[PDB]
Amino acid sequence: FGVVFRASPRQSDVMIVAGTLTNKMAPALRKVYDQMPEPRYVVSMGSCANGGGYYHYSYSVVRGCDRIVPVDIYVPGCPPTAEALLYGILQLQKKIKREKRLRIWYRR
Amino acid sequence: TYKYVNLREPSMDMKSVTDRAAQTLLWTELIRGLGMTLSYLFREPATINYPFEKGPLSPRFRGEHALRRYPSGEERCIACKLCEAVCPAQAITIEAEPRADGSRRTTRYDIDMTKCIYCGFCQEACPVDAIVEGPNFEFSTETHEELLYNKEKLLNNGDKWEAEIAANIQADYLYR
Amino acid sequence: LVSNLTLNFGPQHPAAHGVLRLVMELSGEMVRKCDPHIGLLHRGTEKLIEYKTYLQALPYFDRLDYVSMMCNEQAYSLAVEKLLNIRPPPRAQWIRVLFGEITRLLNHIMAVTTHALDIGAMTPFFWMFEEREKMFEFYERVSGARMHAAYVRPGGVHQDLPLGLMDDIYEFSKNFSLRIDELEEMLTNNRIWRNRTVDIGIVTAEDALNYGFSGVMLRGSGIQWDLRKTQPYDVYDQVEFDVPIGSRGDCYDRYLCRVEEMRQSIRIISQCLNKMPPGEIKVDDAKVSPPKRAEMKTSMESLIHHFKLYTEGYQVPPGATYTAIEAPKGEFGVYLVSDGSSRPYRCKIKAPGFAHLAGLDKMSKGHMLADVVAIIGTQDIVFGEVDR
Amino acid sequence: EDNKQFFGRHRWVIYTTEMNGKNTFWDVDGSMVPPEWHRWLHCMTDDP
Amino acid sequence: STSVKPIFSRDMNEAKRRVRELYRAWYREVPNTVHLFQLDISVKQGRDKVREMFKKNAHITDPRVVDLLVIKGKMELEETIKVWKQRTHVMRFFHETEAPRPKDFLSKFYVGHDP
Amino acid sequence: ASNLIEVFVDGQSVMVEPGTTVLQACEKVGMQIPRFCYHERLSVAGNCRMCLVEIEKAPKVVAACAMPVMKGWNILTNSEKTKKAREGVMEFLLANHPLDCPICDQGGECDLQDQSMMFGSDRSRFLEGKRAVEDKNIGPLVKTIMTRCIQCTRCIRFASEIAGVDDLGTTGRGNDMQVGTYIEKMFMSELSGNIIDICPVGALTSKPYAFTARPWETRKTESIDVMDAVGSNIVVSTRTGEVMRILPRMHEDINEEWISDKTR
Amino acid sequence: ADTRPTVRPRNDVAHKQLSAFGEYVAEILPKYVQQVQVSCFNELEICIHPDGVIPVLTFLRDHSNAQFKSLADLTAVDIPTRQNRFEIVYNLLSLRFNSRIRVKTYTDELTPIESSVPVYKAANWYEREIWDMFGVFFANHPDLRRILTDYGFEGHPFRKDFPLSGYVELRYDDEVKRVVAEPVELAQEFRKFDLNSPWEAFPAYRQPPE
Amino acid sequence: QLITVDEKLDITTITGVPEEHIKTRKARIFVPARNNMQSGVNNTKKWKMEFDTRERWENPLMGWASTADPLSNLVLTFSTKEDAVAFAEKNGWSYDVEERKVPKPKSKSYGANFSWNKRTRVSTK
Amino acid sequence: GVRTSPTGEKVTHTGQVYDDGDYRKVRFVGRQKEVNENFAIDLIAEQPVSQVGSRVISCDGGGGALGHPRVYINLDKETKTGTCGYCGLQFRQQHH
Amino acid sequence: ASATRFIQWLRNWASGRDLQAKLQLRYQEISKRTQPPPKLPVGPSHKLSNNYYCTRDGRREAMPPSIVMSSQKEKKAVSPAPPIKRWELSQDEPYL
Amino acid sequence: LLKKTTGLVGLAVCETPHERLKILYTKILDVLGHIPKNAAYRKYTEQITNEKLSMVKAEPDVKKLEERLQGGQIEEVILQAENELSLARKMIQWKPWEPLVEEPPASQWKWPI
Ligand SMILES: CCCCCCCCCCCCCCCCCC(=O)OC[C@H](COP(=O)(O)OCCN)OC(=O)CCCCCCCCCCCCCCCCC
Ligand code: SF4
Ligand code: SF4
Ligand code: SF4
Ligand code: SF4
Ligand code: SF4
Ligand code: FES
Ligand SMILES: [K+]
Ligand SMILES: [Zn+2]
């Protein structure tokens with residue numbers, strides 16, 4: 001589809017937060033996010049990243065990455081099937097296809 | 001029992017040594033690895049053309065939770081709160097009252113889908129095959145709130161996938 | 001200490017084992033001290049389980065070593081059965097042993113392929129991960145979940161194999177031995193592979209035992225030890241296989257113990273597709289394993305049990321036990337206390353990686369930086385089990 | 001469908017160029033397969 | 001009885017040496033932290049907090065307990081000096097975001113059922 | 001005093017006043033023989049025969065709830081002769097009991113349920129059909145699904161001796177025996193609500209509380225009653241920050257374990 | 001081994017053996033050993049006074065008949081009711097004799113335990129976990145500090161009187177451009193079930209009354 | 001070898017509990033009352049320590065029951081009243097104690113159901 | 001069985017609908033309030049009462065192992081009918 | 001399983017094996033996705049007589065540990081068990 | 001006849017196992033003198049150590065001697081032998097034979113609570 005397997009943080013367009021997010025690991029998540037050159041889209045994959053999943057009530061868990069970054073797509077499942085995630089990506093591409101960046105600019 | 005995976009003592013006869021010498025100075029082994037890859041270049045790749053094709057599943061597959069109905073139309077859930085008592089992630093919230101006709105039925109039934117772990121214990125526990133995991137696995141949303149299903153969102157899945165949920169159970173309930 | 005580097009895996013390369021923040025000290029290029037920081041994936045598993053019934057707690061064990069799913073479930077199940085003083089039926093024990101070796105194939109495929117990925121050898125990853133897929137389908141068709149099954153359970157398994165499964169499992173096993181040869185043809189004799197592994201990460205037999213190493217981190221050092229052949233649990237006293245043994249105790253041997261083991265599983269799977277007996281698949285004691293639906297929907301004595309066993313759970317006699325299994329990574333094991341009620345009082349987990357990682361500093365002394373890459377991989381570390 | 005193709009690619013679909021009053025000439029997605037066919041296209045069963 | 005195994009010290013007199021040394025350790029270090037973590041507070045305030053932290057445990061008199069506080073204090077000090085903490089962790093003694101919770105009875109009676 | 005006597009529970013001596021029952025003899029050593037008909041505050045009836053226990057060196061198991069002890073008995077409370085008695089008895093109770101646990105209010109706090117697990121067998125051989133009784137209507141509080149009854153004669157005894165209104169009774173014989181008033185009557189009494197507690201099975205259940213909650217999801221906050229100056233002790237049971245029901249709290253010096261309807 | 005498939009077949013051979021090897025140790029090291037018992041499913045326990053942490057483990061590592069080279073595991077178990085709340089546990093595997101044995105001790109919040117790193121190097125990280133998660137202090141530990149918990153995290157989570165959800169929760173506050181820790185408030189409170197049954201289950205373990 | 005310490009034991013400064021949850025909370029020590037809907041007394045054995053209730057409020061979105069009290073679900077078990085208290089003091093929680101209320105013995109006599117001249121004579125079975 | 005409140009919001013079978021003054025209903029602005037319109041309490045009244053010739057009749061929702069647990073219903077009371085606990089279907093003893 | 005005659009020889013020559021025998025892709029040897037209904041067996045305790053639970057109750061058998069030596073209350077030296085017997089090489093393939 | 005390698009990495013092949021064992025076994029026996037006879041450690045250590053010592057003398061060939069000791073390769077037995085000496089040394093200062101140092105509180109090991 002065009003989704004290369006591995007891209008460095010500075011060359012990336014979409015972050016995929018696949019897995020749990022413990023408090024200790026939260027600060028580095030944001031630090032990486034802020035370094036993403038725009039436009040930047042965040043995809044939350046799995047139950048532990050949408051809402052803290054199985055470990056929702058644990059003391060050392062962040063209850064969803066949306067507490068730490070603005071998410072664009074939520075892929076549910078523990079874990080989502082590889083095909084379920086692929087649908088999530090193909091969902092984003094349509095979302096990027098409905099933007100009106102120029103039109104909005106043209107009418108300011 | 002056991003066996004030594006690396007205990008060889010290469011023979012030091014001239015032919016043997018010349019082989020090792022012939023290997024180093026001419027990259028024979030490295031070539032042999034290139035042969036293997038060159039074969040994969042001429043095999044049909046294992047790629048399925050999704051979405052026009054779908055990776056095979058099985059009738060036991062666990063997907064989006066859904067609420068079923070009897071053939072008549074009545075609801076199957078009777079607010080027995082067993083699914084709520086075993087859901088390991090405590091993602092099921094039930095609140096029931098006697099219905100206007102005296103029946104026992106729920107009023108609140110939310111399955112937070114961000115705490116569910118798709119374990120499948122809910123349907124294993126329901127004594128009336130009410131809450132079942134449909135086979136749908138493509139319902140990723142664009143906001144968090146859309147994943148906080150409430151009873152109205154669960155039935156509609158029931159009234160939307162029953163044409164397949166019913167078929168699967170028929171296929172697999174015998175193993176249960 | 002010419003200069004200290006806080007090497008962090010924030011930009012996690014395609015490892016799928018977690019992120020490790022490593023604190024090091026390079027005296028130029030050598031490593032004079034390597035310090036791992038691990039807590040990044042500590043979710044509190046060992047404390048949540050305090051609040052869960054013995055059944056509700058099982059899925060947590062698919063989420064410690066998330067490449068050895070059913071193997072973990074077997075360890076937890078064996079511990080509980082031992083506490084409950086009950087014996088599963090033979091057909092289940094064969095299914096569990098059948099899958100316990102299928103998972104070992106899944107795990108070793110992950111270890112070798114990624115370990116070869118971190119060193120740039122990328123192609124073998126794809127070939128072998130196409131075998132994992134077909135191996136997931138078997139996971140898929142018996143439980144319904146591609147990865148996390150919860151299939152194995154205290155008192156046996158959940159459901160029986162669907163008709164026609166073993167025909168496929170046999171078909172899969174028939175072709176697999178060629179796949180490995182397609183792999184060894186790449187890495188086994190390749191000079192570059194040997195350079196990155198030969199005489200790297202050498203561990204002496206005497207030090208390994210003291211440092212708590214288990215599994216292939218022992219057999220690489222020539223020690224003859226494998227819990228299956230020495231303290232068998234389910235049926236492993238009924239299958240012919242040879243335990244690979246290392247000679248020089250370096251990375252390359254531990255790469256050959258794993259590849260060799262992946263063959264020895266095809267030798268066990270072959271046997272389990274022949275000795276599988278007819279019968280039921282859960283202990284015929286409806287106070288521990290829930291009854292069949294048809295009997296739940298017809299008989300009162302059964303209906304009650306389906307009720308209590310899914311709301312209160314099944315009590316367990318008070319007592320403590322340490323149970324370990326030859327999990328693919330090492331000696332996975334759980335020390336699990338029980339106070340008599342339906343909720344465990346404590347569940348310590350002996351993740352094999354946790355011991356190995358401590359030994360990382362020892363093995364990286366007097367090694368170049370790029371060897372720390374190889375050393376971590378050869379230990380086969382997944383940080384789900386390490387931090388828990 | 002085509003039964004000479006390896007298990008996984010034998011059965012495929014070509015989504016309609018319009019559904020529920022929306023142009024899907026290009027914008028198809030995997031949630032456009034009604035449940036009845038949904039079971040056959042995923043090899044969950046054999047009888048269409 | 002009253003006999004109990006010691007940890008490090010054996011009487012309040014021994015302990016305070018460690019405590020006093022600990023203050024010496026922190027006091028010399030607050031300035032660098034402020035520059036190191038690019039913090040945005042005055043070196044005066046940082047040293048004020050340390051005095052506040054040391055002051056909240058004045059009434060402690062058991063020598064064993066005082067040993068622990070130092071051991072944790074030393075550990076916490078090690079993290080900062082070695083920069084294992086991060087600019088987020090250091091600023092967590094200040095509560096830059098939590099609202100000022102009133103202490104007077106009357107205001108509490110207005111907000112909520114807090115006892 | 002010298003009136004005490006020595007009796008043995010599984011070989012262990014214990015001193016008990018004369019006239020004490022076996023069941024009460026086993027209480028003093030922490031054993032608790034099962035029980036359906038017996039309530040320590042209700043006159044002995046001894047019909048459920050679920051308390052049958054074996055006394056060593058005797059052919060016939062005695063019913064603990066009624067049989068007094070004798071000098072120097074050895075009460076085998078765990079012998080295979082006692083166990084088989086309980087599984088047999090517990091088998092009959094579930095012979096015609098209905099499959100109502102998933103919708104039965106009592107479900108989750110049911111003595112027939114728990115005692116079935118800890119004493120009874122675990123699979124059924126009853127291949128016939130089941131009894132099925134019509135449901136009475138004895139007030140706007142006590143819902144009654146009498147199919148679930150097990151003829152334990154608690155409601156009957158409690159009403160006669162405690163409440164003082166004897167409108168309850170048994171009418172018929174054999175498997176068709178039934179519990180009720182035999183007419184269209186409301187068992188209305190200031191203490192009526194209690195019979196919900198004593199009825200060990202989910203036959204009598206609170207109508208207002210029906211279908212609202214399960215016993216395992218409620219937090220029990222011991223409290224006091226203020227409806228009247230009797231100062232009854234109660235256990236407010238909340239759920240998600242809302243009061244769901246009220247239950248008596250034992251206090252021997254105030255209210256034993258009953259509370260009036262207004263309180264309840 | 002009896003034709004009762006739904007029951008675990010005992011092993012009397014290994015029960016007698018471990019009883020023998022238990023009495024054996026109780027006589028060699030009577031200075032510390034307080035109690036030795038064997039579980040009916042063939043496991044051996046050596047309860048000791050905390051002082052004998054080094055002598056007892058050193059003996060089991062070197063003696064000709066012990067040879068317990070490998071420390072399988074090392075953890076703790078809190079028990080509030082006991083005065084000495086914590087309870088350290090050592091599980092040792094003897095590759096020579098193909099056997100296991102468990103050694104248990106006790107302590108409290110303040111009193112420290114003698115670090116057993118010198119005997120087994122494996123016990124280095126484990127002893128930080130115990131310190132990290134429970135708060136027990138190990139004297140002479142080469143390097144002791146929190147391992148699992150977060151930097152600046154306060155409290156010992158696996159204690160019994162530490163609430164499940166903890167005390168603080170991180171989040172990102174745009175005003176201060178950093179993650180910030182705030183008092184924990186939950187959208188849905190954890191639902192504590194009362195899953196026990198009011199009926200004695202196992203007569204064997206019945207405790208004497210008052 | 002051993003030092004002599006006489007003070008009153010306390011660890012509140014080495015547990016990490018915010019002061020707001022030390023001087024304000026009111027731990028409660030008691031033996032749970034038997035659930036009156038059943039007859040088994042196997043839950044009034046041990047001593048339980050639990051803290052006072054606090055505010056729970058409907059969630060604006062899903063109507064769930066929210067809360068900001070970390071100790072709401074906390075419950076500790078003890079074997080004796082003294083051990084329960086000794087845990088409260090050293091943790092610095094103000095506590096209340098409730099005495100165990102064991103049932104008083106009673107005279108059960110089947111024959112009393114049939115008395116020639118007493119009111120114990122039952123009327124139905 | 002579908003009705004619209006004066007607010008302009010269809011009422012769910014549970015009988016919950018935001019009143020006119022409430023603010024939460026803003027959440028539906030720009031979107032739609034999901035509601036299932038197969039009101040069960042209606043589809044169960046449509047089904048006719050089955051006539052049987054015995055005091056005690058048993059229902060299991062049809063399908064046997066795919067229905068609710070088997071129960072027995074006593075039909076003596078002619079002043080009303082007999083209704084299944086789980087599925088709600090009604091029974092009456094004929095012409096008695 | 002469609003590669004022309006020529007290509008099949010090629011990738012066989014390169015890889016050296018005979019790939020056309022064992023194909024990494026599944027074509028027809030897969031099972032049928034619609035299998036006939038099964039009839040699973042029951043366990044050994046499914047009987048109607050001489051099946052009393054107390055005789056086959058696993059949980060009640062366990063006992064508290066036997067206190068070998070408690071502090072409150074010529075002989076030979078014994079190892080925990082006989083030394084583990086040396087393993088024997090594999091006659092199937094003693095060396096890789 | 002001497003092995004090319006013991007097998008366990010970090011274990012060099014010894015040349016004089018019998019002399020090396022006899023010296024070590026002799027030394028082990030020496031240390032036990034300074035341990036009171038009553039101590040169970042001495043009698044048990046002596047009993048086994050004598051059994052091993054005799055087997056050293058009788059068997060003249062390296063190989064079968066291992067099958068008598070059963071301590072795996074011959075080098076390991078030496079390495080095991082060194083430990084027993086080092087263990088025997090330390091026991092002197094620890095004095096295990098002394099009575100129980102202290103008794104635990106009443107309910108220390110009671111379980112379940
Ligand atoms: C009578 C007159 C006679 C005159 C002539 C007599 C001499 C002729 C016979 C000798 C010819 C020698 C050819 C010299 C090429 C270099 C070969 C060589 O020696 O490389 C050795 C090198 C490292 O040596 P090593 O394997 O580690 O052995 C241990 C040594 N201590 O190992 C390596 O080479 C590493 C290889 C790195 C590259 C591998 C990746 C690419 C391999 C695939 C490409 C294969 C070549 C393709 C050719 C393309 C042509 C356009
Ligand atoms: S449980 Fe599921 S969501 Fe959570 S980390 Fe594992 S795969 Fe991801
Ligand atoms: S699949 Fe499991 S976790 Fe998810 S809602 Fe059902 S029971 Fe709960
Ligand atoms: S979904 Fe099933 S288990 Fe859950 S409350 Fe409804 S009937 Fe009971
Ligand atoms: S009374 Fe007890 S056994 Fe009968 S239906 Fe209700 S819960 Fe089940
Ligand atoms: S209705 Fe209840 S109290 Fe009355 S006899 Fe039946 S079971 Fe006993
Ligand atoms: S309790 Fe004795 S017969 Fe009822
Ligand atoms: K009742
Ligand atoms: Zn019905």
# chains A, B, ... in the order shown; residues from 1 in each chain; ligands from 1

call {"tool": "residues_near_ligand", "arguments": {"ligand": "ligand 6", "cutoff": "10 Å", "atoms": "only C-alpha atoms and all ligand atoms", "output": "ChimeraX atom specification"}}
result
/F:36-37,48,112,144-158,168-170,178-180,195-205

call {"tool": "residues_near_ligand", "arguments": {"ligand": "ligand 1", "cutoff": "8 Å", "atoms": "only C-alpha atoms and all ligand atoms", "output": "list in words"}}
result
residues 24, 25, 26, 27, 30, 31 and 34 of chain B; 191, 192 and 195 of chain C

call {"tool": "interface_residues", "arguments": {"of": "chain E", "to": "chain H", "cutoff": "12 Å", "atoms": "only C-alpha atoms", "output": "VMD selection string"}}
result
chain E and resid 1 to 12 53 to 54 56 to 73 101 103 112 to 115

call {"tool": "residues_near_ligand", "arguments": {"ligand": "ligand 9", "cutoff": "10 Å", "atoms": "only C-alpha atoms and all ligand atoms", "output": "VMD selection string"}}
result
(chain B and resid 70) or (chain I and resid 58 to 62 67 to 73 83 to 90)

call {"tool": "select_by_dssp", "arguments": {"residues": "range 1-110 of chain K", "states": "alpha helix (DSSP H)", "output": "ChimeraX atom specification"}}
result
/K:17-32,40-58,62-69,74-94

call {"tool": "residues_around", "arguments": {"residues": "range 6-20 of chain I", "least_positions_apart": "3", "cutoff": "12 Å", "atoms": "only C-alpha atoms", "output": "VMD selection string"}}
result
(chain B and resid 75 95 to 100 105 to 109 150 to 153 155) or (chain I and resid 1 to 3 23 to 29 32 to 42)

call {"tool": "write_last_selection", "arguments": {"atoms": "N, CA and C atoms", "output": "short mmCIF file (atom, residue, chain, number, x, y, z; two decimals), in the first residue's frame"}}
result
data_model
loop_
_atom_site.label_atom_id
_atom_site.label_comp_id
_atom_site.auth_asym_id
_atom_site.auth_seq_id
_atom_site.Cartn_x
_atom_site.Cartn_y
_atom_site.Cartn_z
N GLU B 75 -35.82 -10.55 23.70
CA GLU B 75 -34.39 -10.53 24.00
C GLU B 75 -33.98 -11.80 24.72
N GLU B 95 -27.45 -3.21 34.60
CA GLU B 95 -28.39 -2.68 35.58
C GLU B 95 -29.79 -3.03 35.10
N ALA B 96 -30.49 -3.87 35.85
CA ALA B 96 -31.77 -4.41 35.41
C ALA B 96 -32.87 -4.06 36.40
N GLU B 97 -34.09 -4.05 35.89
CA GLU B 97 -35.29 -3.88 36.70
C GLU B 97 -36.40 -4.71 36.08
N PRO B 98 -37.39 -5.10 36.88
CA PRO B 98 -38.55 -5.79 36.30
C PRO B 98 -39.18 -4.95 35.21
N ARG B 99 -39.49 -5.60 34.10
CA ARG B 99 -40.00 -4.87 32.95
C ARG B 99 -41.47 -4.53 33.15
N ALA B 100 -41.98 -3.66 32.27
CA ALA B 100 -43.34 -3.17 32.43
C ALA B 100 -44.35 -4.30 32.45
N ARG B 105 -35.40 -8.07 32.68
CA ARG B 105 -34.61 -7.61 31.55
C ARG B 105 -33.72 -6.46 32.00
N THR B 106 -32.67 -6.23 31.23
CA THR B 106 -31.72 -5.18 31.56
C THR B 106 -32.26 -3.81 31.16
N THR B 107 -31.66 -2.78 31.73
CA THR B 107 -31.87 -1.40 31.33
C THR B 107 -30.58 -0.73 30.89
N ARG B 108 -29.48 -1.01 31.57
CA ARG B 108 -28.16 -0.58 31.16
C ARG B 108 -27.35 -1.81 30.78
N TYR B 109 -26.69 -1.76 29.63
CA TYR B 109 -25.78 -2.84 29.27
C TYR B 109 -24.69 -2.23 28.39
N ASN B 150 -23.23 0.86 24.24
CA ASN B 150 -24.36 0.77 25.14
C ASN B 150 -25.38 -0.17 24.52
N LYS B 151 -26.39 -0.54 25.31
CA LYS B 151 -27.26 -1.63 24.90
C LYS B 151 -27.79 -1.42 23.49
N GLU B 152 -28.15 -0.19 23.15
CA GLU B 152 -28.68 0.07 21.82
C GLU B 152 -27.67 -0.26 20.74
N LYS B 153 -26.39 -0.04 20.99
CA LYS B 153 -25.37 -0.37 20.01
C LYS B 153 -25.09 -1.85 19.94
N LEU B 155 -27.49 -4.50 20.50
CA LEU B 155 -28.58 -5.17 19.80
C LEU B 155 -28.47 -4.96 18.31
N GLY I 1 -44.32 0.79 18.32
CA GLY I 1 -44.07 1.19 19.74
C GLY I 1 -43.13 2.37 19.85
N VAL I 2 -42.76 2.94 18.71
CA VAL I 2 -41.82 4.06 18.67
C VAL I 2 -42.57 5.35 18.95
N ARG I 3 -41.98 6.21 19.78
CA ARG I 3 -42.56 7.51 20.09
C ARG I 3 -41.45 8.55 20.14
N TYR I 23 -28.65 19.58 28.97
CA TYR I 23 -27.56 19.99 28.10
C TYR I 23 -26.85 18.81 27.44
N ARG I 24 -26.83 17.65 28.10
CA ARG I 24 -26.09 16.52 27.56
C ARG I 24 -26.50 16.21 26.13
N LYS I 25 -27.78 16.38 25.81
CA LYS I 25 -28.25 16.10 24.46
C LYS I 25 -27.48 16.86 23.40
N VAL I 26 -26.62 17.81 23.78
CA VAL I 26 -25.75 18.45 22.80
C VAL I 26 -24.88 17.41 22.12
N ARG I 27 -24.61 16.29 22.78
CA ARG I 27 -23.71 15.30 22.21
C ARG I 27 -24.25 14.70 20.92
N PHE I 28 -25.55 14.81 20.68
CA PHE I 28 -26.15 14.31 19.45
C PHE I 28 -26.15 15.34 18.33
N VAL I 29 -25.79 16.59 18.62
CA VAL I 29 -25.78 17.63 17.60
C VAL I 29 -24.67 17.34 16.60
N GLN I 32 -26.11 11.36 15.36
CA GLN I 32 -27.40 10.74 15.58
C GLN I 32 -27.38 9.93 16.86
N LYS I 33 -28.53 9.85 17.52
CA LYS I 33 -28.69 9.03 18.72
C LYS I 33 -29.06 7.62 18.30
N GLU I 34 -28.12 6.69 18.47
CA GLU I 34 -28.36 5.30 18.11
C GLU I 34 -29.53 4.75 18.91
N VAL I 35 -30.48 4.12 18.23
CA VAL I 35 -31.60 3.48 18.90
C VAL I 35 -32.04 2.28 18.10
N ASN I 36 -32.23 1.16 18.79
CA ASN I 36 -32.80 -0.04 18.22
C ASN I 36 -34.32 0.06 18.32
N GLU I 37 -35.01 -0.24 17.22
CA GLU I 37 -36.45 -0.04 17.13
C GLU I 37 -37.22 -1.36 17.08
N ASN I 38 -36.60 -2.47 17.46
CA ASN I 38 -37.30 -3.74 17.56
C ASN I 38 -37.68 -3.98 19.02
N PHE I 39 -38.55 -3.11 19.53
CA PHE I 39 -38.94 -3.17 20.93
C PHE I 39 -39.40 -4.58 21.28
N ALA I 40 -38.62 -5.27 22.11
CA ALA I 40 -38.91 -6.67 22.38
C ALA I 40 -40.27 -6.84 23.05
N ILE I 41 -40.57 -5.99 24.04
CA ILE I 41 -41.82 -6.13 24.77
C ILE I 41 -43.02 -6.04 23.83
N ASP I 42 -42.81 -5.58 22.60
CA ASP I 42 -43.85 -5.61 21.58
C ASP I 42 -43.84 -6.91 20.80
#

call {"tool": "interface_residues", "arguments": {"of": "chain B", "to": "chain J", "cutoff": "6 Å", "atoms": "only C-alpha atoms", "output": "ChimeraX atom specification"}}
result
/B:1-5,35-36,39

call {"tool": "write_last_selection", "arguments": {"atoms": "N, CA, C and O atoms", "output": "short mmCIF file (atom, residue, chain, number, x, y, z; two decimals), in the first residue's frame"}}
result
data_model
loop_
_atom_site.label_atom_id
_atom_site.label_comp_id
_atom_site.auth_asym_id
_atom_site.auth_seq_id
_atom_site.Cartn_x
_atom_site.Cartn_y
_atom_site.Cartn_z
N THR B 1 18.57 -38.62 26.86
CA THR B 1 19.26 -38.58 25.54
C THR B 1 19.84 -37.19 25.33
O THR B 1 19.49 -36.26 26.05
N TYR B 2 20.74 -37.05 24.38
CA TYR B 2 21.26 -35.74 24.00
C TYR B 2 22.06 -35.92 22.71
O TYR B 2 22.04 -36.99 22.10
N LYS B 3 22.74 -34.86 22.29
CA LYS B 3 23.50 -34.89 21.05
C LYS B 3 24.28 -33.60 20.94
O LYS B 3 23.77 -32.53 21.26
N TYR B 4 25.52 -33.70 20.47
CA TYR B 4 26.37 -32.53 20.32
C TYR B 4 26.05 -31.84 19.01
O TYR B 4 26.18 -32.43 17.94
N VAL B 5 25.61 -30.58 19.10
CA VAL B 5 25.29 -29.83 17.89
C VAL B 5 26.52 -29.24 17.24
O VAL B 5 26.48 -28.92 16.05
N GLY B 35 21.88 -18.43 -3.98
CA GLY B 35 21.02 -19.34 -4.72
C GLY B 35 19.65 -19.46 -4.09
O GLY B 35 18.63 -19.40 -4.79
N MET B 36 19.60 -19.61 -2.77
CA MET B 36 18.32 -19.80 -2.10
C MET B 36 17.38 -18.63 -2.38
O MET B 36 16.24 -18.83 -2.82
N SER B 39 15.76 -18.39 -5.73
CA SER B 39 14.62 -19.26 -5.97
C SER B 39 13.32 -18.60 -5.51
O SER B 39 12.30 -18.72 -6.19
#

call {"tool": "atom_distance", "arguments": {"atom1": "atom 5 (S, counted along the ligand's line) of ligand 4", "atom2": "CA of residue 115 in chain F"}}
result
24.1 Å

call {"tool": "interface_residues", "arguments": {"of": "chain K", "to": "chain J", "cutoff": "12 Å", "atoms": "only C-alpha atoms", "output": "PyMOL selection string"}}
result
chain K and resi 38+40-49+51+66-73+99-112

call {"tool": "residues_near_ligand", "arguments": {"ligand": "ligand 2", "cutoff": "6 Å", "atoms": "only C-alpha atoms and all ligand atoms", "output": "list in words"}}
result
residues 19, 20, 46, 47, 48, 53, 78 and 79 of chain A; 63 of chain C

call {"tool": "residues_near_ligand", "arguments": {"ligand": "ligand 7", "cutoff": "10 Å", "atoms": "only C-alpha atoms and all ligand atoms", "output": "list in words"}}
result
residues 23, 33, 34, 35, 36, 37, 38, 39, 44, 45, 46, 47, 48, 49, 50, 51, 52, 53, 62, 63, 64, 65, 66, 67, 89, 152 and 153 of chain F

call {"tool": "residues_near_ligand", "arguments": {"ligand": "ligand 3", "cutoff": "10 Å", "atoms": "only C-alpha atoms and all ligand atoms", "output": "ChimeraX atom specification"}}
result
/A:47,53-54,77-78 /B:62-66,82-93,110-126,131-133 /C:56,59

call {"tool": "select_by_dssp", "arguments": {"residues": "range 36-100 of chain A", "states": "strand (DSSP E)", "output": "MDAnalysis selection string"}}
result
chainID A and resid 41:45 73:75

call {"tool": "residues_near_ligand", "arguments": {"ligand": "ligand 5", "cutoff": "9 Å", "atoms": "only C-alpha atoms and all ligand atoms", "output": "ChimeraX atom specification"}}
result
/C:300-301,303-304,307 /F:94,97-114,116,148-150,200-203
